[PDB]
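Worksheet: the structure to be examined is printed underneath.
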Amino acid sequence: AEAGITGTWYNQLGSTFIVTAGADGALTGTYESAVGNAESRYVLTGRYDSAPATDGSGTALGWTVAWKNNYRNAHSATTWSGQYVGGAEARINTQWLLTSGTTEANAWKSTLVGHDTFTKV
Amino acid sequence: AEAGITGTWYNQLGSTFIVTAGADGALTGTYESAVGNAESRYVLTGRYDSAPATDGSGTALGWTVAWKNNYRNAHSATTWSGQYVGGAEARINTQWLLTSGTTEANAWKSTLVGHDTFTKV
Amino acid sequence: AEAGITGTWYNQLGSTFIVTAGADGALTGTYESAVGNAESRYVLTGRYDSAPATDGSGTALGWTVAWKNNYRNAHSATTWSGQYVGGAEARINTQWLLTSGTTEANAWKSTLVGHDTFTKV
Amino acid sequence: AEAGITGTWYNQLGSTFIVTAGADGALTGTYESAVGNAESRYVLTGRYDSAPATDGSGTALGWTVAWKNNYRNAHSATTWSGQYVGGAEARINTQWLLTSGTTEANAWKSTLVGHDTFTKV
Amino acid sequence: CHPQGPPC
Amino acid sequence: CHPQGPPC
Amino acid sequence: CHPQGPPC
Amino acid sequence: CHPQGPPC
């Protein structure tokens, strides 16, 4: 549900993700690194299915972070695509793509790929 | 920079993307599918680097569409991650991930991967 | 090491993978599904780094299975790319791409993506 | 079918691929890198569907190169997964994954993803 | 026929 | 039931 | 030390 | 300069 998704989630690396889910499908919030730290904080925006299917199917969702804030600029951006599964131990299972801004000659190896699982613990 | 990303774009399958780049790094607009049609329009939201490394590097960016509107719901969401490259013929080159909501037993096959190039019109 | 890789490995779905690693870099063996079963068995072939780096860096490796045998033909093929990490609890961490043979109109969604961890237990 | 896949092919970056398709589904040959050169040749091994679904569907296939030979060792391996499409201008369309051996702390960024199209010569 | 694909 | 997936 | 990775 | 790339 939207308020199921709404909260503070942690991944297996220590990163914290804080999200608000709106009734019509909007996703907004903050991402921060270095298992805390002061301005290791970046802005995120996304979308999710606000009307999921009614057997035990997960809720599809996705979001983007560009890696620039008032203190740093890493000239890159990441997108995460996955689904939410509720219950007693709610989870968000994802895969992600990280693209860096490059020169033409370095375009062939601009993008990394990976996977993250987020929980509330 | 914001100005150059703002406009109407099209990919090789004949889809339409309409976008505005804001001064704080924000992206907003509309994605249109099956060769236009009246409303097979969906909302998109994303982020880009607003102070790019400049000499001849691309600008990193990304966005999400959740495939639900007032007429249809496909219970899935796609994320595109890539770079903007200016010039006389401006281009966006991307890689994308599409995830569908599934039951536990079918989660191993929930995600498709691919690539699109967009031309500004 | 080659004989570190040599053995029987199991993934999180119950699939069994049996491999022989040769001294010069060759990888050969059998893959089978349905947590056992009779001819759920398919042939695999691959390559690995036979001379890894000397700090605690993993050994890079990859392999292919085409899904046809004497009893079935699913007209698809999977490749796995990852690295081996040894010690008391040795593991193989991978990501995979599955491509199906399609008609031109279905080429846009021919490929799925995922990740698998294999252990000896 | 085997005959049509056998031959010399080239991609958009100027790399060479030389391959033989055997009757049991096997693939063997050589990959050449930086615009030919004498030995920047590496061994490849793969698998294809030898009894394709035929009307106008592609043939599914895949292969691996580990980047070590008698002159260089890059401590990495790439896998390509895609389809063969016959005609007057035969093509192989692929997506690929490249993994490098890393220490634990850097495993989150070990894999690059991309795409290549090959033309028969 | 998914809306990201061609008329399908 | 594709052969890479679970019992089906 | 890219901001998506661990403490560095 | 990785051998999968162009002369780099």
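For the range B:60-79, a residue qualifies if it is of a type outside the set (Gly, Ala, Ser) and in contact with a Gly (Cβ under 6 Å, 6 or more places away or on another chain), and the qualifying residues are B:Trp63, B:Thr64, B:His75, B:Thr79.
Please work out if D:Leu97 is facing another protein chain (nearest Cβ under 9 Å), of a type outside the set (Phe, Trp, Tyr), in contact with a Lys or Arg (Cβ under 9 Å, 6 or more places away or on another chain) and not in a loop (DSSP other than H, G, I, E, B). No, not satisfied.
Considering the range C:65-87 alone, what residues qualify as being within 7 Å of another protein chain (Cβ to nearest Cβ) and among the aliphatic types (A, V, I, L, M)? If the condition is that a residue be within 7 Å of another protein chain (Cβ to nearest Cβ) and among the aliphatic types (A, V, I, L, M), then C:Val65, C:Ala66, C:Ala74, C:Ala77 are the ones that fit. When the residues of the range C:21-43 are filtered to those that are surrounded by 17 or more Cβ atoms within 10 Å (Cβ to Cβ) and under 22 Å from D:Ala74 (Cα atoms), the one that is farthest from the other protein chains (Cβ to nearest Cβ) is C:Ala21. Quick one: is B:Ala34 in contact with a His (Cβ under 6 Å, 6 or more places away or on another chain), of a type in the set (A, V, I, L, M) and either closer than 15 Å to E:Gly5 by Cα or not in a strand (DSSP E or B) (or both)? Taking the combined requirement at face value, the residue does not satisfy it. Filtering the range A:14-31 to residues that are without any contact (Cβ under 8 Å) to a residue 24 or more places away in the chain and in a loop (DSSP other than H, G, I, E, B) leaves A:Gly14, A:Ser15, A:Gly22. Residues in the range D:100-114 that are in a helix (DSSP H, G or I), of a type outside the set (A, V, I, L, M, F, W, C) and more than 8 Å from chain C (Cβ to nearest Cβ): 2 in all. Between C:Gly62, C:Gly46, C:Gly56, the distinction of being at the interface with chain D (Cβ under 9 Å from one of its Cβ atoms), closer than 22 Å to D:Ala105 by Cα and in a strand (DSSP E or B) belongs to C:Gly62 only.
A quick note on method: Cβ atoms are made from the backbone with ideal geometry, for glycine too, and the neighbour counts reach across all protein chains shown. A short reminder: the numbers here are calculations on the coordinates, not readings from a lab.
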